[PDB]
Amino acid sequence: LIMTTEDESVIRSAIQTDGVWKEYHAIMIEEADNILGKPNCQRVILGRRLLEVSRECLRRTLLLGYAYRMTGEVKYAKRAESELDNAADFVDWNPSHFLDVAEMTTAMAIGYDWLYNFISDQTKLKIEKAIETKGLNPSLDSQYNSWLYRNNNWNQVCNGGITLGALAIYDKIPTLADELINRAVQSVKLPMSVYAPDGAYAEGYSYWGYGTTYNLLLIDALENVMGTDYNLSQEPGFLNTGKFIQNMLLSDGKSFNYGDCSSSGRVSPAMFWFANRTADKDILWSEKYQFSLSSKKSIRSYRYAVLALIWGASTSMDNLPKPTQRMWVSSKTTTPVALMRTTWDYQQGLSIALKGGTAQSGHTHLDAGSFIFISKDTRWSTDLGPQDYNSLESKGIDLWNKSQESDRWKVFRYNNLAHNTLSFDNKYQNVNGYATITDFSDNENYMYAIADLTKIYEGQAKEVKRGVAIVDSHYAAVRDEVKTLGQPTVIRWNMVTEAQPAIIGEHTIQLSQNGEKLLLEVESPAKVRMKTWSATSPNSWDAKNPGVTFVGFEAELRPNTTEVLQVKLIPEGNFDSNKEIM
Ligand SMILES: [Mn+2]
């Protein structure tokens, strides 16, 4: 009857006092028109996966259906009904890879509910039976539903898709549907526990949308049909996970792209839900900027684009206050992060992101202790990000083994020799160590956080701590306290930069970028060998890294001694001359 996720009341997209929702809507109606001139997806298995067709059917169902619902032009409805009917006759939805079934079921669920009055009786029946026999019933088979007992995002997507389908046809199957809802409400607590206690998401910015979006489809649908979410939104830390994503976009408007994340943010539809339910325009400030930044194509391309309107068109995007909190931290979590800027005006002020963590979780690099330093519009200290699969997975595989000798860590972009952290005698980090944020402060003239990296370097050093600070909102300090073992060891302070480097002294490097300059000043230890390292791999499978250099220094440490490495990254201005306590 139009009940599941965009309720007939929630057609407040109709009001258009807001320039964002106006342009966003027009981007959708344009992409809806483009799918009109496009044939139905065929049933092609791509590497034992149907997932791309299932997302495309969902994406097209969302656009055509949202287009039809807002315009009335049955050219949209006839197109969608031709997609739904074509896919409802797919032999199966590839339960071998149950995400395929989860997203196809969601497509069928939303389409059937949004076009119910238009679609025909043959296609009503056909979708009802398709949902049940190709989606709902395979999920009862233990050959296919082992995600029910996992805490990964497969649990979120599959419990979400299966529930949406069951609710879409609730009146045709009420007691099966009741069993499925109860099962989803209990099983989905497993993935929701990774958000506790602060809303941190271990794998980071670019893996957060997929499972969080389906987690919110599930919550929104239960509220719409059952009138309650069964407290799922109250699971600890989940309501604050928007704030995590809000602060994971740093001052240059790009992501803290640790591990396999990509630096470019996007407009995140799930974000508008959290902004609307925590009554938080600060999320809207950050999302408004991502829209300001995004291209028309990336909004068109994104399979959940329509949800941005559904969840966000309730709030106006004009005159947003400026966010005032300058620091967001989470320590009791898989990948601890400390995220600080001096201002929420993007491309201004300073910002630092620091990360602890462990290499054993998903999509990791050997980057414990790594940081990001942005000044104004310049990310002076960066992270190379991933090298995408199969460009290595042909000759010498297991890019996903996490153990200490894994070939994964032998890829140039993945070990600590290529991130903004330490190494000892060119050795890899301890892949089993775990690090968090032991201390931090919000003091706006001295914002800082400290990470204990002792387990990160267990066989290499008796103790390692690192602090980062933004001093007097003007420059940055990185102070490492290292207690050595029994051997002389050569420590390497690494930093990944896109700036042009010059060694201008015996403990100073000067970097140039964007017409500006930054000083890399080394106050300790007393004697240091300034260095630059080629960011080009000697192995032909490692992607090339143009415009990138590694900068920093080497230092021989004495055994059984407490040594201190200390670096200041000084932008242009009028300041410095300070002390070295921490
Ligand atoms: Mn990395």
# chains A, B, ... in the order shown; residues from 1 in each chain; ligands from 1
$ residues_near_ligand --ligand "ligand 1" --cutoff "12 Å" --atoms "only C-alpha atoms and all ligand atoms" --output "number ranges by chain"
A: 203-204, 256-263, 355, 359, 363-372, 381-387, 409, 411-421, 495-496
$ select_by_dssp --residues "range 46-234 of chain A" --states "alpha helix (DSSP H)" --output "PyMOL selection string"
chain A and resi 51-71+75-88+99-114+121-130+153-168+174-187+189-192+208-226
$ residues_around --residues "range 576-580 of chain A" --least-positions-apart "2" --cutoff "9 Å" --atoms "only C-alpha atoms" --output "JSON, numbers by chain"
{"A": [471, 474, 475, 479, 523, 566, 570, 574, 582]}
$ write_last_selection --atoms "N, CA and C atoms" --output "compact mmCIF listing (two decimals), in the first residue's frame"
# COMPACT_ATOMS: atom_id res chain seq x y z
N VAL A 471 49.58 22.54 18.39
CA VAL A 471 50.04 23.54 19.34
C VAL A 471 49.52 24.91 18.93
N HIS A 474 48.41 26.44 15.50
CA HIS A 474 49.33 26.95 14.49
C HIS A 474 50.23 25.88 13.87
N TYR A 475 50.58 24.82 14.60
CA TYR A 475 51.50 23.83 14.05
C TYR A 475 51.32 22.54 14.83
N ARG A 479 55.79 13.31 19.13
CA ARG A 479 56.81 12.94 20.10
C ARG A 479 56.70 11.45 20.40
N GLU A 523 63.78 17.95 16.62
CA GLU A 523 64.39 18.42 17.86
C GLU A 523 65.06 17.31 18.67
N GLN A 566 61.52 13.49 18.20
CA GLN A 566 60.60 14.63 18.25
C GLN A 566 60.64 15.46 16.97
N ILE A 570 55.84 22.57 10.94
CA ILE A 570 55.57 23.99 11.12
C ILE A 570 55.07 24.56 9.79
N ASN A 574 53.79 32.76 12.14
CA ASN A 574 54.50 33.55 13.15
C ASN A 574 54.44 32.92 14.55
N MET A 582 55.75 16.29 27.03
CA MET A 582 54.81 15.16 27.15
C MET A 582 55.37 13.85 27.73
$ atom_distance --atom1 "CA of residue 498 in chain A" --atom2 "CA of residue 547 in chain A"
5.6 Å
$ atom_distance --atom1 "CA of residue 465 in chain A" --atom2 "CA of residue 493 in chain A"
13.4 Å
$ atom_distance --atom1 "CA of residue 437 in chain A" --atom2 "CA of residue 250 in chain A"
18.5 Å
$ closest_atom_pairs --of "range 116-231 of chain A" --to "range 108-112 of chain A" --cutoff "9 Å" --atoms "only C-alpha atoms" --output "JSON lines"
{"residue": "A:116", "atom": "CA", "partner": "A:112", "partner_atom": "CA", "distance": 5.4}
{"residue": "A:119", "atom": "CA", "partner": "A:112", "partner_atom": "CA", "distance": 7.8}
{"residue": "A:123", "atom": "CA", "partner": "A:112", "partner_atom": "CA", "distance": 8.8}
{"residue": "A:124", "atom": "CA", "partner": "A:112", "partner_atom": "CA", "distance": 7.2}
{"residue": "A:127", "atom": "CA", "partner": "A:108", "partner_atom": "CA", "distance": 6.7}
{"residue": "A:128", "atom": "CA", "partner": "A:112", "partner_atom": "CA", "distance": 8.4}
{"residue": "A:130", "atom": "CA", "partner": "A:108", "partner_atom": "CA", "distance": 8.4}
{"residue": "A:131", "atom": "CA", "partner": "A:108", "partner_atom": "CA", "distance": 6.9}
{"residue": "A:161", "atom": "CA", "partner": "A:109", "partner_atom": "CA", "distance": 8.3}
{"residue": "A:164", "atom": "CA", "partner": "A:109", "partner_atom": "CA", "distance": 6.0}
{"residue": "A:165", "atom": "CA", "partner": "A:109", "partner_atom": "CA", "distance": 4.7}
{"residue": "A:166", "atom": "CA", "partner": "A:109", "partner_atom": "CA", "distance": 8.0}
{"residue": "A:167", "atom": "CA", "partner": "A:109", "partner_atom": "CA", "distance": 8.0}
{"residue": "A:168", "atom": "CA", "partner": "A:109", "partner_atom": "CA", "distance": 5.3}
{"residue": "A:169", "atom": "CA", "partner": "A:109", "partner_atom": "CA", "distance": 7.8}
$ closest_residue --among "A:520, A:526, A:469, A:284" --to "residue 327 in chain A" --atoms "only C-alpha atoms"
A:469
$ residues_around --residues "residue 227 in chain A" --least-positions-apart "6" --cutoff "12 Å" --atoms "only C-alpha atoms" --output "VMD selection string"
chain A and resid 3 to 4 219 to 221
$ residues_around --residues "residue 455 in chain A" --least-positions-apart "2" --cutoff "7 Å" --atoms "only C-alpha atoms" --output "PDB file with C-alpha atoms, in the first residue's frame"
ATOM      1  CA  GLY A 433      49.915  -6.167  18.509  1.00  0.00           C
ATOM      2  CA  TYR A 434      47.078  -3.930  19.583  1.00  0.00           C
ATOM      3  CA  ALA A 435      47.252  -0.220  20.328  1.00  0.00           C
ATOM      4  CA  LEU A 453      52.397   1.207  20.616  1.00  0.00           C
ATOM      5  CA  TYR A 457      56.764  -3.316  18.353  1.00  0.00           C
ATOM      6  CA  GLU A 458      57.048  -6.108  20.925  1.00  0.00           C
TER       7      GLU A 458
END
$ residues_around --residues "residue 442 in chain A" --least-positions-apart "5" --cutoff "8 Å" --atoms "only C-alpha atoms" --output "ChimeraX atom specification"
/A:326-327,447-448
$ write_last_selection --atoms "N, CA and C atoms" --output "PDB file, in the first residue's frame"
ATOM      1  N   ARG A 326      35.790  20.190  18.719  1.00  0.00           N
ATOM      2  CA  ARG A 326      36.995  20.113  17.913  1.00  0.00           C
ATOM      3  C   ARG A 326      37.689  18.766  18.004  1.00  0.00           C
ATOM      4  N   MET A 327      37.184  17.841  18.830  1.00  0.00           N
ATOM      5  CA  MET A 327      37.816  16.540  18.997  1.00  0.00           C
ATOM      6  C   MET A 327      36.794  15.414  19.162  1.00  0.00           C
ATOM      7  N   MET A 447      45.680  20.788  21.661  1.00  0.00           N
ATOM      8  CA  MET A 447      44.918  19.564  21.422  1.00  0.00           C
ATOM      9  C   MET A 447      45.872  18.410  21.133  1.00  0.00           C
ATOM     10  N   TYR A 448      45.624  17.248  21.750  1.00  0.00           N
ATOM     11  CA  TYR A 448      46.566  16.138  21.620  1.00  0.00           C
ATOM     12  C   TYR A 448      45.909  14.796  21.931  1.00  0.00           C
TER      13      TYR A 448
END
$ closest_residue --among "A:540, A:441, A:360, A:240" --to "residue 408 in chain A" --atoms "only C-alpha atoms"
A:360
$ closest_atom_pairs --of "range 152-214 of chain A" --to "range 293-315 of chain A" --cutoff "12 Å" --atoms "only C-alpha atoms" --output "Markdown table"
| residue | atom | partner | partner_atom | distance |
| --- | --- | --- | --- | --- |
| A:209 | CA | A:304 | CA | 9.5 |
| A:210 | CA | A:304 | CA | 9.2 |
| A:211 | CA | A:304 | CA | 11.9 |
| A:212 | CA | A:304 | CA | 11.7 |
| A:213 | CA | A:304 | CA | 8.3 |
| A:214 | CA | A:304 | CA | 10.0 |
$ write_last_selection --atoms "N, CA and C atoms" --output "CSV table (one decimal), in the first residue's frame"
chain,number,residue,atom,x,y,z
A,209,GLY,N,29.1,2.3,5.2
A,209,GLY,CA,27.7,2.6,4.6
A,209,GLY,C,26.9,1.3,4.4
A,210,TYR,N,27.6,0.3,3.8
A,210,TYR,CA,26.9,-0.9,3.3
A,210,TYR,C,26.1,-1.5,4.4
A,211,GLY,N,26.7,-2.0,5.5
A,211,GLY,CA,26.0,-2.6,6.5
A,211,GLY,C,25.1,-1.7,7.4
A,212,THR,N,25.6,-0.4,7.6
A,212,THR,CA,24.8,0.6,8.4
A,212,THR,C,23.5,0.9,7.6
A,213,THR,N,23.6,1.1,6.3
A,213,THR,CA,22.4,1.4,5.5
A,213,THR,C,21.3,0.3,5.7
A,214,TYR,N,21.7,-1.0,5.5
A,214,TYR,CA,20.8,-2.1,5.7
A,214,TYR,C,20.3,-2.2,7.1
$ residues_around --residues "residue 136 in chain A" --least-positions-apart "3" --cutoff "10 Å" --atoms "only C-alpha atoms" --output "list in words"
residues 101, 102, 105, 129, 130, 131, 132, 133, 139, 140, 141, 161, 162, 163, 165, 166, 176, 177 and 180 of chain A
$ closest_residue --among "A:501, A:463, A:488, A:551" --to "residue 564 in chain A" --atoms "only C-alpha atoms"
A:463
